[PDB]
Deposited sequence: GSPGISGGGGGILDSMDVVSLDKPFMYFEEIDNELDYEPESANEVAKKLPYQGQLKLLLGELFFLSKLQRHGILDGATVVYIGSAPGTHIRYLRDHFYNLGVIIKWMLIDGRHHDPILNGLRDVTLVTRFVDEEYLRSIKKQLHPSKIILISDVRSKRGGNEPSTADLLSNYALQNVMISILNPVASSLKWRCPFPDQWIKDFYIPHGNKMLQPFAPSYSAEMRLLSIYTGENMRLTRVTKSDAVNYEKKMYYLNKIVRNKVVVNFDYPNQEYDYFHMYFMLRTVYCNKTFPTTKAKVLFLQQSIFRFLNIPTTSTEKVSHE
């Protein structure tokens, strides 16, 4: 067995302290080990992101604009969680694809069947006015050409919507498929437990203070780094069994999930962080029909 003792898991890209040469044969290995793993991946990251905003007092009263939301099964869990905590939020889920019917019939959630373009962003901005907007983006076109176009749309979402915070899908183009350098918004590169086995995807979390918008350039050298750091994390780290983690499941992803879940607010009072997390995890797995 692949055992180890860890203090904490890597929460952000910058914390990864090692790298490995990407082995293309990794692409043929089992990408997922749990049913509905993708909904689980998104649920944890967005619960993490949103709980942070709650902590900073910027969630209550906001309209969450989620673009690239369908099917959005896991989003029903997020909505219930904050709704039950007393936080007042409106959800606007937009995708050209159809949403899970469990999202219908909630006055606080508006489903829109539309593929957004810059012009539409303008109309909804005029229509949301004057609410404070929190943007979540998971749009998907993939070539490096596709990625750049998605990233370009994500930056236009921020400039038109002008949100108070944002969570954006972020996967650096592969160095061997580099086209040109580009800019992404400045934010924390939140790592994702339960991401596919060798995925290099993370989420970019940002909070917008003032009327400024800070971007950061991404080059091929950065692309080389992303590949090696993420490859090291996926191949080595995520395959570890953290034996000094007293929890029903000690695999790295559960250890990593534990640290995100420990930041979530509940109505129920618990005697230990371990009890709250076990509760939230049980709750999350039951909702998603994960054994």
Report summary line: In sequence order, the deposited stretches missing their CA atoms are 1-15, 157-162, 313-322
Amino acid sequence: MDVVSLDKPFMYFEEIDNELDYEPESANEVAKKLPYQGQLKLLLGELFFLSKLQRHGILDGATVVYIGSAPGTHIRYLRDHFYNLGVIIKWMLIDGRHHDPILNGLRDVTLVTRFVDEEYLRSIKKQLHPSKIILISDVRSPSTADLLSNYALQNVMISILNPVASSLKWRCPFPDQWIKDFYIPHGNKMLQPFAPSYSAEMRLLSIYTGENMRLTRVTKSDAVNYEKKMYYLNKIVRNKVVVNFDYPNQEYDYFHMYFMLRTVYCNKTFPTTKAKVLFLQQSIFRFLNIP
From here on, numbers count along this sequence of modelled residues.
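For the two forms, the rigid core is made up of the largest set of C-alpha atoms that agree within 1.5 Å on superposition.
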Report summary line: With the rigid core as the fit reference, the stretch showing the greater C-alpha departure in 4 other deposited structures of this protein, 209-217 or 120-128, is 209-217
**Report entry** Per the entry, higher mean C-alpha B factor between 209-217 and 101-109
**Finding:** 209-217
Query raised in the report: Which has higher Cα B-factors on average according to the PDB entry: 219-227 or 253-261?
Result: 219-227
Requested in this report: Tell me, please, which of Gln177, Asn84, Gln192, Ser137 has the highest C-alpha B factor according to the deposited entry?
Outcome: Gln177
Report task. Would you mind checking which of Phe182, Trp170, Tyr198, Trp91 has the top Cα temperature factor in the PDB entry? Result -> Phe182
Report summary line: Here the Cα B-factor of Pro35, set against its chain, lands in the third termed middle
Requested in this report: Place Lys52 in the lowest, middle or highest third of its chain's C-alpha B-factors, as listed in the PDB entry.
Outcome: middle
Query raised in the report: Compared with the other modelled residues in the chain, in which third is the CA B-factor of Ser69?
Result: lowest
Query raised in the report: Taking the entry's C-alpha B-factors for this chain, is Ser283 in the lowest, middle or highest third?
Result: lowest
Report task. Quick one: classify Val164 as lowest, middle or highest third of the chain based on its Cα B-factor. Result -> middle
